[PDB]
Amino acid sequence: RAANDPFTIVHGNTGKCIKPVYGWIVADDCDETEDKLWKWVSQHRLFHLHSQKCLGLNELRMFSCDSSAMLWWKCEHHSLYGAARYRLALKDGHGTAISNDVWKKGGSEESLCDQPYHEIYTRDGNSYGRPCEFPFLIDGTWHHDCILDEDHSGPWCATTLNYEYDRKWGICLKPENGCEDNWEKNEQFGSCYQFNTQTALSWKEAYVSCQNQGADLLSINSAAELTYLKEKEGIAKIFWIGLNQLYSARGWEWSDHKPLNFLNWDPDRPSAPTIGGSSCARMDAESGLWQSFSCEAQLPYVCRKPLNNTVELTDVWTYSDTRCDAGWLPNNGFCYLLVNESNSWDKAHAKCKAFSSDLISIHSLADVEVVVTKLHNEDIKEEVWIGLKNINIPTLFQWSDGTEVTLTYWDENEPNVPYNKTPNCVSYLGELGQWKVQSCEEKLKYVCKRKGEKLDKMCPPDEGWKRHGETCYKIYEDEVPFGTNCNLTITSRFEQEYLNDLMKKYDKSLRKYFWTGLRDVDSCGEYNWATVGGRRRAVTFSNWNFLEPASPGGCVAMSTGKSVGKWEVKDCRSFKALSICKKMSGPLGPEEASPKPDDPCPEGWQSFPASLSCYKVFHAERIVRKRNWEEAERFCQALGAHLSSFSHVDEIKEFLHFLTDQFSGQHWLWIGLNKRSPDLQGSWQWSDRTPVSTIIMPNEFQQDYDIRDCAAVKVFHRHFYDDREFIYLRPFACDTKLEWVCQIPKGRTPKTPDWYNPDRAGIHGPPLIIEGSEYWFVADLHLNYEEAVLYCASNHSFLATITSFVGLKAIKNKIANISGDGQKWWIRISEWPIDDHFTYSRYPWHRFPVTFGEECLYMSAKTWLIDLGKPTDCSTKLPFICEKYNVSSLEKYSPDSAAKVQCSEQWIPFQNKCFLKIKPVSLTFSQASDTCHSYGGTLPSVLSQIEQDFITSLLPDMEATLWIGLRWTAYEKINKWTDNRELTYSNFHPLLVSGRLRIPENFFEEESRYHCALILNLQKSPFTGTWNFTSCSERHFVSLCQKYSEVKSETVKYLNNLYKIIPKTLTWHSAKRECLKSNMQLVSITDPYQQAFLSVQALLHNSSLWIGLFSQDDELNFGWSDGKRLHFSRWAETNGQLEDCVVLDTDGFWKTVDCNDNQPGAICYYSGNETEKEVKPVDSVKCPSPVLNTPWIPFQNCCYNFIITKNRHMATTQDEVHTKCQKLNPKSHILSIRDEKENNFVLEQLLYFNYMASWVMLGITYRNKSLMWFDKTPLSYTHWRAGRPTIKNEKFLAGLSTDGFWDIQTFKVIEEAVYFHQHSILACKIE
Ligand SMILES: *[C@@H]1O[C@H](CO)[C@@H](O[C@@H]2O[C@H](CO)[C@@H](O[C@@H]3O[C@H](CO)[C@@H](O)[C@H](O)[C@@H]3O)[C@H](O)[C@H]2NC(C)=O)[C@H](O)[C@H]1NC(C)=O
Ligand SMILES: *[C@@H]1O[C@H](CO)[C@@H](O)[C@H](O)[C@H]1NC(C)=O
């Protein structure tokens, strides 16, 4: 389990207590804690359970923590420091900061920081399982734990910071003693289940949620459990199963420690080996099939707790020096032997079965230890059979002779059960002796095992001396100092497990440590084994505790209570621990030097002579795009390398000093360290199977330390390591050994012949596609989506983006002529050319925690009109085509420099251009053209973001619509920008203008209408400045013309606001102090007008300036220094908030930097003319009881139920869905949106399930020859994609999409639109 326990603060120098009262700190008088209790809460704050106030600051006092008054503390060595190098101290009883003491727990010896913050998750509600956020304010009272009232279901908490303004709650998930409440005390069989649906949680988050309750994730071991999970009523259609491979070199493991014998892998997944693959599994409940999906997603899960669990063990680590039949290797009473002759599986089984033996069987780590240590150096170059076969359907591995499987040791990463294969065989490979699949038809060696009979003064066990087979172990009575007579050195994990069993058998209670000969004599941070004289055995194995490395000096010991064998670090000066040793050692173990410091790098890899390894760094501009930790590791493995993993503590600083020369700005990089695997139990590990031995990470008391399990390194332009999640995108740097060769799997470098042969072949034969650049048709080479994108993307070439219907028809004809009407091709279909730099996938109303998936599309030669907006399983090998970039920044025109340069008083100048305003009179586009031509210039053409910001800042005084002035023929691309300028970017919000491709009527002789664009002034809406396209035969207002001018390329008042640009180079705290010195505060941008004005003002200064945006919750939730809700945001990236404080870049985007830095300016604001902050939502609607684990979320006098559950009845869905919503709960019909805010609410609820559902079913019919809802009511409000539909029949499916638009799929056969039914949600409102 895991929970936060209330504690007390104790001083170290003066060994007494703490006492907060209304005014200040007073005399302790504690040891009667009925009047004081402290607990850590969010934002690194301390909360008192008695006064219900949070401590803060320079007089220290208890303030209500609904304020921004530097209410946060940090984790020092053994003390606490505040905002900027502050400190916490007391003087004569009263506490006051000192800025230069230690504080420990009550009844313990640690700095209030060693135990990580264990947050709790929620089960169901309007939050979808998001973790709690304590404290929360209700009825004027601050609650720090889950409450229990007669209104809600059970223990429920608030999941966000401000509960009053969000009204998002969730039923808590607390550890229970039995499986009676919120569980199912019986299952199939011998466990209790908890099916929590509607919870968009990642794999690691779901595992942490199931583990905090003492249980674990799912575990399927027999077909009975599978068929019980299939026929369960309240279960999600797709969820997690805990099956994962998050280790370095392990095949596939269960979440809980259970053997993997029953496999149900989907036969459609091609099992992408390195790029495009995954490491966590996923279960589909409709067919009950297993897939390998990228477990960075957000899918529901299910917890499983063993019913009446018992701690049963055995004598798995014993000793028996028995003899065998003169040649059979004896080990622990058994005899193993492998035949050197080539044989099959069944034939060899029958061969060595005729003796008094049969094929080998591995039940625990003893057999694995035998297989690895013996067998001629773990069978360096060999393949050996093993008596595990499968003939059942589904797959269920079983031993040749046995009763039950108990340990599975797979090879990373291929259990690899074929589709059409009745016999399934396993074999040995790898330096760790792991298992892979075979065909029971290859000729390779085999091993088998015999039960032998039971049977020197060099090792007398008379004095309590245990034996292991080659080297005995001996424990001593007591030893206070370190290494009194002996120090122990461990070499591998099997020796560690033997030592753990010996320690558990020796002692009977907890809190007795055993010494270990690992220390740092030089106090250099790197740990090495103690030298007993002429011994320099390097560290080959390491297993620390959760966060053990904390001091660059000390001595290690081994705990035995629950952290069995975890190498803890204690003071090597004075600390008592027991001692264990061995007699023999390894003479040939540390005698090996494989790398050589004289071998150079193969090609292009840079390295310094003090590295013995070649490096290859991937900058943030050369690559196709940044990627997550797992994607970076897979990209490094594809090239034959891994992430940078240093052995010594000087190599890290040398590598940092070597990379900081290749960088100008500061940006994080990926590293091999990660604690993602559940078997590590919190300890770190290197991805290349190298034991961690140095202090690399500090101890930051983060709120989600269990979730962020990846290590990121920071470079400076002058060794700071942080813990990032496995979802953030980040550049990386692979590294290879000085003697090993790299790989080239059709990626970056092996494009060298792919830049000459196919490029010229496509430039010669294939002509230019109609209305577009050249398209190279990469066929006869099937690659995944990630591999196709990596192949197409180059210095100029990239993945083919289709934005026109003419180009669509051309590529369709070329595909039909080249490959056929059956093959599929990877195409990125859109309406306007999208920029890979700015994804524009930012929600405008709120920043809710949902990571959207990848939109990897496809298209075929036939059925292209239907499958153009349907995503596929893009871990598939298919041909593709690559497009070519043209000369963008190479065209030069406008030779007139001093003649046309004329900026009069009716002209506002900006960067290399100038604008002029006219009256807001209304004219069409063809008239507005000559209206601007009446003056000298052109219509306003936008080529960058800051020009759009300048236009937006000029917009408030203009009309509600402006003619931007770019025209294009309908159903084609956009060019010429009315001024012979290449279209760089376009600002079309996908929530207002449908980003999908437009499909016209296929019968049009010459009716080629034109489409023009305009800028909207949406009157306080967050979409002002965006562009909208329309048939410009109509007329709109015109208030702007642009021209080019060459020779001439304080307290500011703006929209009832006073802005001051401080040019001082200072931090964010000093900036806030300087703003407060002028009776002002840091600017809080709450509207796009202020954002655009501040952006153009920052461009006028050519440097990024500070703003009033900062974070306290470990960069999870941002907020303004004024106490204003973050509603408007213009971040530069989706997941780019990598540091704490915020600055406003010159390009108009909010950059994020750690505000312990120097920025060349800041922005202070003052609001005196307009001071309005009165906003409070009212929620007085209570929904009925939840049904089938699907609650009713209230919204505006209604109760919606997005039924994400097993449903396959798709026969006459019109009445079927209605009866389904009816018998589920009366007084509730199908969903029918009749407003605009309701559509946004439905879209928000859909976006939480964007990984398993892309549409929400709507109740649209065609009764009485008109589109109307199921109820007797007309259809007032509608949100279509492109015009009103033309549905004449009544057989069609209406679905609210993931962009707010309503799509309609018509069909003639009911069994043809099942793809729309598989990805739909059945919502039944109440009203
Ligand atoms: C962005 O531009 C598009 C134009 O392509 C705008 O779509 C147009 O919006 C108007 C306003 O609602 C529609 O007029 C309505 O037509 C229905 C047809 O049944 C009629 O019943 C209403 O009384 C009203 O006249 C118009 O049909 C629609 N489409 C076109 C081609 O003009 C869109 O509104 C613009 N976006 C924003 C935010 O204004
Ligand atoms: C809900 O009902 C109350 C009282 O009938 C009404 O004041 C309120 O406007 C309703 N909500 C909406 C969104 O109309």
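Throughout, chain A uses Swiss-Prot numbering, with the displayed residues spanning 30-86, 93-135, 138-492, 498-760, 767-1097, 1106-1383 in order.
Going by what the header records, the deposited coordinates were determined by electron microscopy, 3.2 Å.
Note that Cβ sites are derived from N, Cα and C of the backbone, with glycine treated the same way.
Under the heading domain 'Fibronectin type-II', Swiss-Prot lists 164-211. Sequence annotations record features per position, and here Swiss-Prot assigns domain 'C-type lectin 2' to 368-486 based on sequence analysis. According to Swiss-Prot, the feature domain 'C-type lectin 6' maps to 958-1091. What Swiss-Prot lists as domain 'C-type lectin 7' is 1110-1222. What Swiss-Prot records for 1251-1374 is domain 'C-type lectin 8'. Per Swiss-Prot, N-linked glycosylation site is recorded for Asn135, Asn345, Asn377, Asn529, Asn843, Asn865, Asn934, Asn1076, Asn1225, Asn1320, and the stated evidence type is sequence analysis. Per Swiss-Prot, phosphotyrosine is recorded for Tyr933.
On the structure: features taken from Swiss-Prot.
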| residue | record | DSSP (3 states) |
| --- | --- | --- |
| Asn135 | N-linked glycosylation site | coil |
| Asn345 | N-linked glycosylation site | coil |
| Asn377 | N-linked glycosylation site | strand |
| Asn529 | N-linked glycosylation site | coil |
| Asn843 | N-linked glycosylation site | coil |
| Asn865 | N-linked glycosylation site | helix |
| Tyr933 | phosphotyrosine | coil |
| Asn1076 | N-linked glycosylation site | strand |
| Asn1225 | N-linked glycosylation site | coil |
| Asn1320 | N-linked glycosylation site | helix |
Measure the gap for me: Cα of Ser1097 to Cα of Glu1106, whole Å, across the 8 residues nobody built.
22
Take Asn135 and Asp138, the residues on either side of 2 unmodelled positions, and give their C-alpha distance in whole angstrom.
8
Deposited-model gap closure distance - 6 residues unmodelled, Cα of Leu86 to Cα of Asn93, Å:
6
How long is the line from the C-alpha of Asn529 (N-linked glycosylation site) to the C-alpha of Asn1076 (N-linked glycosylation site), rounded to the nearest angstrom?
76
May I ask you to check whether the domain 'C-type lectin 7' (1110-1222) and the domain 'C-type lectin 6' (958-1091) make contact, with contact taken as at least three Cβ pairs under 8 Å and only pairs 6 or more apart in sequence counted?
yes
What does the Cα distance in Å come to between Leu492 and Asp498, when 5 residues between them are unmodelled?
13
What are the helix, strand and coil residue counts for the domain 'C-type lectin 2' (368-486) according to DSSP?
22 helix, 42 strand, 55 coil
Of the glycosylation sites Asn345, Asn377, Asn843, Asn865, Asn1076, which sits closest to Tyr933 (phosphotyrosine) by Cα distance?
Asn843
Go ahead and report the DSSP secondary structure tallies for the domain 'C-type lectin 8' (1251-1374): helix first, then strand, then coil.
34 helix, 22 strand, 68 coil
Within 10 angstroms of the C-beta of the residue listed as 'phosphotyrosine', what count of other C-beta atoms is obtained when all protein chains are considered?
11
Given the glycosylation sites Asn345, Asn843, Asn1076, return the subset with CB under 6 A from an atom of ligand 1, ordered by sequence, or none if empty.
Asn1076
Specify the nearest of the glycosylation sites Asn377, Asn843, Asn865, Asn1225 to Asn934 (N-linked glycosylation site), where nearness means the distance between Cα atoms.
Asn843
Need one number: the Cα separation in whole Å between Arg760 and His767 across the 6 missing residues.
12
With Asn135 (N-linked glycosylation site) as the reference Cα, tell me which of the glycosylation sites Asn345, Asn377, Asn865, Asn1076, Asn1225 is the closest one.
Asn1225
C-alpha of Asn377 (N-linked glycosylation site) to C-alpha of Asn1320 (N-linked glycosylation site): distance in Å?
82
